[PDB]
Structure formats: C-alpha cells, structure tokens
Amino acid sequence: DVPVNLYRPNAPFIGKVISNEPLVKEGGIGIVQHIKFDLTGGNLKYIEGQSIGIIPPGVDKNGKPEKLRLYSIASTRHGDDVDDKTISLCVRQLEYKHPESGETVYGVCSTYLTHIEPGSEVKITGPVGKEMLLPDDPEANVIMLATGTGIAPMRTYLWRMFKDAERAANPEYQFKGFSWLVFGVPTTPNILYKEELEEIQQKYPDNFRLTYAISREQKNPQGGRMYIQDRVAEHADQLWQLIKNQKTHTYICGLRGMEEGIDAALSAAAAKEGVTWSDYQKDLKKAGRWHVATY
Ligand SMILES: Cc1cc2nc3c(=O)[nH]c(=O)nc-3n(C[C@H](O)[C@H](O)[C@H](O)COP(=O)(O)OP(=O)(O)OC[C@H]3O[C@@H](n4cnc5c(N)ncnc54)[C@H](O)[C@@H]3O)c2cc1C
C-alpha cells in the first residue's frame with residue numbers, strides 16, 4: 001500500500017518547477033529554498049516521511065553523469081495546495097570551503113535546485129523510504145527532533161495533522177494526540193516555516209508544542225551555544241515520560257551528529273527508573289517507533 005519506486009533513475013519522471021521560494025529570512029545564514037514541482041502527466045504518488053531523488057544535469061569531475069541525490073519530501077501526500085498534483089522539497093545550498101578545494105565549494109545538486117527557475121524540467125525518482133512513516137493512529141504521540149532541513153519530514157506530519165485543508169481532505173485522520181517539535185537552527189531568520197509552525201501551536205496549544213534551539217541567540221546552562229541536544233537534555237525527563245507510552249513515536253532528521261547527545265540525555269533520564277536507554281531504544285526501533293534519517 002505504501003508507494004515506492006514508481007520512478008527509477010533509468011527512466012525518471014520529468015516534472016516542472018512551479019515555484020522556488022526562500023525560507024531563510026534577512027539576517028539568516030545560508031540559503032534554504034522551498035521548491036514545488038508539478039506531478040501532472042505522471043503517476044508519482046507518495047506519503048508523509050518519504051524522500052524523492054533529483055538527478056542534476058552535467059557530468060562530475062571524472063566526466064561521469066551525475067547521480068541522484070535524495071531529498072526528504074516536505075509536502076503531505078496531497079501537496080501544498082491539497083490538490084494531489086504537486087510535491088515540495090526543502091533544499092539547503094551546500095557550501096563549505098577548504099580541505100576539499102580552493103575556497104568556497106558549492107554542492108552540485110543543491111545549488112542546481114536552489115537556483116532553479118519556475119518552468120524548468122527536473123528529473124525526479126521515487127518515492128523512497130519506509131523508516132520515517134507516520135502512524136495511522138490519530139491518538140499517537142509524535143516527538144520530532146529536527147535540525148535545519150530535517151524539518152522537512154516534520155512539515156509533512158504537522159501539515160497533515162493540523163492544516164485546515166488537510167483535516168477536511170483526510171476524514172480518517174483527525175489528530176488528537178500530542179506532538180512536540182524541538183527544532184535547532186542558528187538564527188531566528190533560519191527558523192524554516194516559522195510563521196506556520198507558530199500558527200499551528202497557537203491554534204492547537206494542547207496538541208502541539210514548539211521548542212527552539214537557536215545557537216547564535218541562546219546559550220545552554222554551561223555557556224555554550226544552544227543546540228537541539230541541549231534542549232533535549234533540558235526536557236529529558238518529560239521526553240522520557242512520553243516515550244514510555246506504547247503509542248509514542250520519535251522522529252529524528254537532519255545532518256548527522258545530533259543523536260549522540262540526544263541518547264546521553266535520554267539515557268540519564270531512563271536510568272533514574274532503572275532502565276538502560278540503549279536497550280529500550282533497540283526495542284523501540286524493532287517496534288517501528290524510533291525513526292531516524294540523518295545525512
Ligand atoms: C534520506 C536523505 C534525505 C535528505 N534530505 C535532504 C533535505 O530535505 N534537504 C537538503 O537540503 N538535503 C537533504 N539531504 C542531503 C542531500 O541529499 C544532498 O547530500 C545535499 O543536498 C548535498 O548534495 P549536493 O549535490 O549539493 O553536494 P555534492 O556536490 O555531492 O557535495 C557533497 C560532497 O562534498 C563533500 N562535503 C559536504 N559537506 C562538506 C564539508 N562541510 N566539508 C568538507 N566536505 C564536505 C562530501 O564529499 C560530500 O559527499 C538528504 C540526504 C538523504 C540521504
């Protein structure tokens with residue numbers, strides 16, 4: 001029933017860019033774009049928490065055709081306009097500099113995507129992934145631990161749970177559990193989808209909690225910059241108490257490196273009740289209730 005690999009890299013779906021909109025506001029670090037593609041003419045279907053591949057044009061430094069890069073889907077199954085016609089991505093332009101070249105180096109696929117014009121044709125593959133799926137149970141609790149573009153799957157969950165047009169389109173999923181997003185970014189300008197996330201918490205104060213870790217604006221209790229691992233530590237008991245529920249799912253997404261601190265915080269919380277978190281987490285993983293996609 002889960003859609004997978006309706007298109008493959010040997011014969012991709014050629015979609016058209018509808019829009020390319022900035023998500024980083026003035027004063028922010030870097031470039032993150034919300035990109036919506038037209039799926040009409042093909043049969044690419046997908047659900048929340050999945051990814052698609054993008055094949056950028058050109059050859060690599062060895063003259064080989066560029067391979068696909070995976071991007072978390074940022075829209076629900078219905079698309080941003082709830083019409084079942086589009087799919088959206090949340091793409092950061094990769095930029096770093098030296099012990100890999102010259103000065104500033106720009107990622108191939110991400111630079112291609114962030115600068116792409118409406119009307120352009122794009123090679124799309126997928127969808128892919130079954131490890132970040134949202135439960136059908138409307139009484140599930142959902143913890144979301146995201147940094148940067150790791151917000152993308154979280155957006156698909158939250159929009160499905162809480163958007164007016166989504167609730168109207170999805171008779172059989174009227175979310176009534178509790179969801180908690182802890183989202184780490186460097187600045188307030190860098191809070192991707194800020195306005196809509198805060199609008200959701202305002203209309204559903206009992207079903208959605210929003211916690212920021214803003215590194216350039218906040219310090220942890222030890223005086224370092226505030227990161228997501230610091231907020232999880234700050235709320236470790238609360239998060240552990242939620243995780244003990246048989247219906248609670250946790251999702252972690254973003255660039256690698258977050259998980260070690262999250263585990264240390266939850267390990268100290270669980271230890272207070274004689275539970276070794278690493279073991280409990282293994283069982284959660286097996287049960288399909290601990291979801292991770294880092295990159
Ligand atoms: C399941 C999954 C989902 C993803 N979802 C998203 C998403 O929603 N949004 C998003 O923006 N990205 C996402 N990514 C990452 C994305 O696929 C691409 O890896 C990323 O966009 C960079 O690709 P590129 O073509 O721009 O870079 P490339 O041109 O391939 O550059 C990357 C290469 O350069 C090197 N490199 C990268 N960073 C550094 C650094 N700091 N220092 C030194 N060398 C470095 C490495 O060799 C790396 O392989 C996801 C990845 C996966 C696996």
Side-chain angles (χ1 to χ4, degrees), residues 2-5 9 12 17 20-24 28-37 46-76 79-80 86-116 122-134 144-159 181 183-186 190-193 197 215 251-259 291-295:
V2 184
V4 272
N5 300 318
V17 181
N20 182 176
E21 319 119 83
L23 293 174
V24 177
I29 296 166
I31 288 146
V32 186
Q33 301 293 118
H34 193 81
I35 312 165
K36 190 165 75 186
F37 309 88
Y46 59 98
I47 59 176
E48 299 77 23
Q50 293 191 297
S51 293
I52 49 162
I54 296 300
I55 304 163
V59 297
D60 62 28
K61 69 168 60 198
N62 310 305
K64 302 259 317 294
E66 291 286 358
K67 299 174 305 181
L68 70 96
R69 276 70 154 168
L70 286 177
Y71 294 91
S72 299
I73 303 168
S75 54
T76 77
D80 292 342
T86 75
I87 186 170
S88 295
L89 297 180
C90 175
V91 183
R92 185 179 70 94
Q93 173 166 241
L94 177 64
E95 280 191 42
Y96 54 101
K97 45 184 140 174
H98 283 110
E100 305 306 355
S101 194
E103 217 157 88
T104 306
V105 186
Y106 304 91
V108 171
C109 198
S110 66
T111 300
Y112 161 67
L113 281 168
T114 54
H115 294 116
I116 208 171
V122 180
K123 289 173 179 67
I124 296 171
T125 68
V128 310
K130 289 183 185 161
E131 91 274 20
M132 295 292 281
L133 300 184
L134 190 68
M144 296 162 282
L145 309 179
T147 58
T149 53
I151 192 66
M154 313 317 184
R155 186 179 184 271
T156 77
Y157 310 146
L158 285 175
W159 266 221
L181 172 66
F183 184 21
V185 292
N190 277 98
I191 300 165
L192 310 172
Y193 314 103
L197 289 172
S215 57
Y251 300 77
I252 302 183
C253 195
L255 293 166
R256 300 155 64 231
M258 46 219 302
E259 296 164 75
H291 306 86
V292 184
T294 56
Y295 43 84

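Whatever order the structure lists them in is the order used to number ligands and atoms, beginning at 1. Sequential numbering from 1 along the given sequence is applied to the chain's residues. Just the heavy atoms: all of them, side chains too, but no hydrogens, waters or symmetry mates, feed the values below.
The backbone N or O of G49 lies less than 3.5 Å from a partner atom in the side chain of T156, making a donor-acceptor pair. Looking only at distances, no side-chain donor or acceptor of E66 sits under 3.5 Å from a matching main-chain atom of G58. Listed for the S110 side chain is a donor-acceptor partner under 3.5 Å among the backbone atoms of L94. Panel note: side chain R69, backbone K67; a donor-acceptor pair is recorded below 3.5 Å.
Between the side chains of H115 and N20, no donor N or O sits under 3.5 Å from an acceptor N or O. A side-chain donor from one of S75 and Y46 sits under 3.5 Å from a side-chain acceptor of the other.
The protein atom (non-hydrogen) at minimum distance from atom 15 (C) of ligand 1 is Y295 CD1, 3.7 Å. Among protein heavy atoms, atom 42 (N) of ligand 1 sits closest to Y96 CD1, 3.6 Å. In terms of protein heavy-atom proximity, atom 26 (O) of ligand 1 is nearest to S110 OG, 2.6 Å. Scanning the protein for heavy atoms near atom 25 (O) of ligand 1, the closest one is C109 N, 2.7 Å. The protein heavy atom nearest to atom 31 (O) of ligand 1 is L94 CD2, 3.4 Å.
Put simply, atom 47 (O) of ligand 1 has no protein non-hydrogen atoms near it, under 4.0 Å away. For atom 33 (C) of ligand 1, no protein heavy-atom neighbour is found at a distance under 4.0 Å. Distance check on atom 17 (O) of ligand 1: some protein heavy atom falls below the 4.0 Å cut-off.
For the pair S51 and ligand 1, the shortest N or O to N or O distance does not fall below 3.5 Å. Close N/O approach between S72 and ligand 1 is found [any backbone or side-chain N/O within under 3.5 Å]. Not a single N or O atom of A152, backbone or side chain, sits closer than 3.5 Å to an N or O atom of ligand 1. The distance criterion of under 3.5 Å between nitrogen or oxygen atoms is met by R92 with respect to ligand 1. Between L70 and ligand 1, a contact under 3.5 Å exists for at least one N or O pair.
The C90 neighbourhood of ligand 1 comprises atoms 7 (C), 8 (O), 9 (N), 10 (C), 11 (O), with distances under 4.0 Å to a heavy atom of that residue. Atoms of ligand 1 lying under 4.0 Å from at least one heavy atom of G107, given by number and element, are 24 (P), 26 (O), 27 (O), 29 (O). Proximity to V108 (heavy-atom distance under 4.0 Å) selects the following atoms of ligand 1: 24 (P), 25 (O), 26 (O), 27 (O), 29 (O). Close approach of ligand 1 to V91 (heavy-atom distance below 4.0 Å) involves ligand atoms 11 (O). The atoms of ligand 1 that sit less than 4.0 Å from any heavy atom of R69 are 17 (O), 23 (O), 25 (O), 29 (O), 30 (O).
Here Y71 has heavy atoms under 4.0 Å from ligand 1 in both its backbone and its side chain. Heavy atoms of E100 found under 4.0 angstrom from ligand 1 belong exclusively to the side chain.
Put simply, the side chain of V292 reaches to within 4.5 Å of the side chain of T294, judged on heavy atoms. Put simply, the side chain of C253 reaches to within 4.5 Å of the side chain of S72, judged on heavy atoms. When side chains are defined from C-beta on, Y193 counts as touching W159, because their heavy atoms get closer than 4.5 Å. Side-chain atoms of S88 and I73, non-hydrogen and from C-beta on, never get closer than 4.5 Å to each other.
Here the options are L70, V122, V91, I35, the test is side-chain contact (heavy atoms from CB on, under 4.5 Å), and the partner is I54; only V122 passes. With respect to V24, the side-chain contact (heavy atoms from CB on, under 4.5 Å) criterion is satisfied by exactly one of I31, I29, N190: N190.
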